[PDB]
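Cβ coordinates were reconstructed from backbone atoms using ideal geometry, including for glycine residues, and neighbour counts include every protein chain displayed. Read the figures in this text as sums done on the coordinates, not as results from a lab.
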Amino acid sequence: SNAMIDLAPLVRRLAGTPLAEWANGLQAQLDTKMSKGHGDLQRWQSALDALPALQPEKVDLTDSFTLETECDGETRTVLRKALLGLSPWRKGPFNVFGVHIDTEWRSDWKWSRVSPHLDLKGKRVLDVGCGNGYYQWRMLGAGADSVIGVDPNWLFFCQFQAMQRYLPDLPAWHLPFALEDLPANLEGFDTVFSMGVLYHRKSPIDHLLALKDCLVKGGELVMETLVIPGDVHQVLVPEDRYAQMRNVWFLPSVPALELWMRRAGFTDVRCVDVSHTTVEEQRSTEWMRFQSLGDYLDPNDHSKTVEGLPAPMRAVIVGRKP
Amino acid sequence: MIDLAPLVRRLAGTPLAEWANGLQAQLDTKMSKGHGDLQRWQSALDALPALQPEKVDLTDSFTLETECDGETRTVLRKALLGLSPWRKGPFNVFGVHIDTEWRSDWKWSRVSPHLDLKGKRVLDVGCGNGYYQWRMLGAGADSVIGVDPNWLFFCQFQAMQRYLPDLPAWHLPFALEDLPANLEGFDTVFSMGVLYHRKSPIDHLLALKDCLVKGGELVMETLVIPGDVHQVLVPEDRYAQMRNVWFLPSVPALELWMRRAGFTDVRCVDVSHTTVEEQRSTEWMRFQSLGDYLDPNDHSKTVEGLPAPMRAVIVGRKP
């Protein structure tokens, strides 16, 4: 009972690009996936159905995600309650007609540091593991021609739908697919982002190659992942959990990761941003009640996780497809 | 002591009347036996603030609302945490979100549209903390009795009943075998998450059938495997780290067993493969959960190499 999405505008937008053939089959693939996901989608429909009919008088996506319109107290209460029905909210924050979706992450802080290193104007962008799509909006704010996000999580998809309701003309799409669901050798995006995915992949090199295969020649990869201090030979694989997370594989040093990207065939490879993640930028909130960074750090030594491993440190590395 | 007089009144004139007239004495004795167990949770129950809801929703969720300041909410939260671990739920209790291990709300949404509970006398076998009992009233049930021989589950029900004291739901800390034979007094009986723990799945089905009036309905949920009518898994040792797991039939095998037990109009209404979004450790349930029980390299298997948890809901009628 979630409406089907009309992809005809996406098909129109991708005509005359290497993405055209793929776009021509997306409507069928999306329709099938949403049929199969009907049960899961029902979990969030009452929340989506309760979102009030409002249109922004003002939109900013360049310095934040902020939507403004004339909205009374009663309407704001309805909106706030509907949005809370889509919790937990991880990437953000979103300012939605005076409702502050105070998400787990200050994704805006990180974006602010990365964006000045990139020229997105006129580019077709893919965001891999996009979560709720927060960054897709910001990539439009930085001038992207179009942004497609992929993440096979229905709640993330519904959080994107909530925002797209109020931004229905903008060229951003969220596809509830895994990266492996894209065809081989798509080679159609100008820029690809993979933020927070590499450390969950058994095969980091295959991940890098899959991202390269998404890019046009001359395209750009922006890779963010968990790293450790040290030289080119230092690579951590946890015995069990890392910051209480399962399925954590390789945590290379920055020089190790740069070398792997060169072996995967990227050029102009360099780190643009490194930092230890702070409890100020990642924490539980009213909108994301579950445990968060502070809970996963050694309570006596914030430089270590509860397992005694080096605490979360993220690097952003940029490279080009030669 | 818990006063069962309103239950006795509610059941007068039904086939459950005679049994109800013996319940208070049985409960009192069971609670004597369980005194030592019950003491563990008394201070937490005693710490629950005196509050009464201004708004109650049991139909679309479990949500209770009232005027409550931060200091009372702090006391409420601490008391409720004293009853950890919380498995079935979630409960929204005056702004305190009991984020339980299970999204039992999701499962309820998959099951309830297939059932008509309006005006029915319902028994919930293996009710855990009684979450679904509240939802069954939300769905129009005249009354719900839950049975589960676990003292913590009993105390978790008491915690919610404190705030919903006039609703016709009761939790009995009994095993199904503690009910007399041939009660034949319920319109609908639920057995959710029990069959796989029974050495005798057929005796379980017959015991459930014996609780029902003629024309009554059994809602059966349990762990299953893929395959045809001949596929039946019994683990060599553990299944998803659990001891005492016996039969995991295929859906067609389970339907056949239900027909052999004498049910008619037997049909599977839901099949789902349990995900870590539906079952997980939380601040309210800190012990291990589903993600720890799956093969970390192949989530289609348990850590033992067996097919990963798959649940089926099957409905049948007593002829």
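Report relative contact order for region B:36-125 in percent, whole number only (criteria: Cα-Cα under 8 Å, sequence separation at least 6).
22 percent
Work out the FRET efficiency for B:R317 and A:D240 from their Cβ-Cβ distance, taking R0 = 56 Å, and round it to the nearest 0.05.
Efficiency at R0 = 56 Å is approximately 0.70.
Positive end of the charge dipole of the protein assembly as shown (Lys, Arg +1 and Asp, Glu -1 on Cβ, about the Cα centre): tell me which of B:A159, A:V318, B:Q279 has its Cα farthest that way.
The Cα lying farthest towards the positive end belongs to B:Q279.
What number does region B:28-134 give for Rg over Rh if you use C-alpha atoms and the Kirkwood radius?
1.00
How many Cβ atoms of partner chains, on average, are near each residue of B:276-285 if near means within 10 Å of its Cβ?
2
What value does the protein assembly as shown have for Rg/Rh, both radii from Cα atoms and Rh as Kirkwood defines it?
1.00
Among A:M4, B:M258, what is the fewest-to-most ranking by other Cβ atoms within 10 Å?
A:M4, B:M258
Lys pairs in region B:2-319, Cα-Cα under 14 Å, at least 8 apart or on separate chains: how many?
Eligible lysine pairs with Cα atoms under 14 Å apart amount to 4.
On average over all directions, what projected area in square nanometres does chain B have, based on the convex hull of its Cα atoms?
16.1 nm²
For the pair B:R9 and A:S64, what calculated FRET efficiency results from E = 1/(1 + (r/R0)^6), where r is the Cβ-Cβ distance and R0 = 56 Å, to the nearest 0.05?
Calculated value: 0.40.
For region A:178-322, would you read off the P(r) tail past 23 Å as a percentage of all alpha carbon pairs?
The share of Cα pairs beyond 23 Å in region A:178-322 comes to 38 percent.
For chain B, modelled as a GNM with alpha-carbon contacts under 10 angstrom, which of B:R121, B:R243, B:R135 fluctuates the most?
B:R243
Let me have the 222 nm mean residue ellipticity of chain A computed from DSSP H runs of 4+ only, each contributing -39500 (n - 2.57), with the sum over all residues rounded to the nearest 500.
Counting only the DSSP helices, I get -8500 deg cm²/dmol.
About the Cα centre of region B:2-319, how large is the charge dipole given +1 on each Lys and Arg Cβ and -1 on each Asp and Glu Cβ? Please answer in debye to the nearest 20.
460 debye
Which of A:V128, A:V279, A:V222 moves the most in a Gaussian network model of chain A with Cα springs under 10 Å?
It is A:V279.
Which of the GluC sites (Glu not before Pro) found in region A:24-72 are in a DSSP loop and have at most 14 neighbouring Cβ atoms, other than their own, within 10 Å?
A:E57, A:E70
What are the GluC sites (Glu not before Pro) within region B:98-197 that DSSP puts in a loop, where the Cβ has at most 12 other Cβ atoms within 10 Å?
In loop regions of region B:98-197 (DSSP not H, G, I, E or B), there are no sparsely surrounded GluC sites (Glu not before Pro).
May I ask you to derive the relative contact order of chain A, considering only C-alpha pairs under 8 Å and at least 6 residues apart, and to give it as an integer percent?
15 percent
Tell me the relative contact order for region A:209-322 as a rounded percent, counting alpha carbon contacts under 8 Å between residues six or more apart.
In percent, rounded to a whole number, it is 38.
Between A:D206 and B:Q26, how many nm apart are label points set 7 Å from Cα along the C-beta direction?
Placing both labels 7 Å beyond Cα along the Cβ direction yields 5.7 nm.
Just the number, please: Stokes-Einstein D of region A:274-318 in µm²/s, Kirkwood Rh from C-alpha pairs, 4 °C, 1.567 mPa s.
Using the Kirkwood radius from Cα pairs, D works out to 115 µm²/s.
Give the Cα extents of region B:16-57 along the principal axes, in whole Å, largest first.
That gives 37, 29, 14 Å along the principal axes, largest extent first.
Using a Gaussian network model of chain B whose springs link C-alpha atoms within less than 10 Å, name the residue from B:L294, B:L167, B:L208 with the highest mean-square fluctuation.
Of the options given, B:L167 has the highest mean-square fluctuation.
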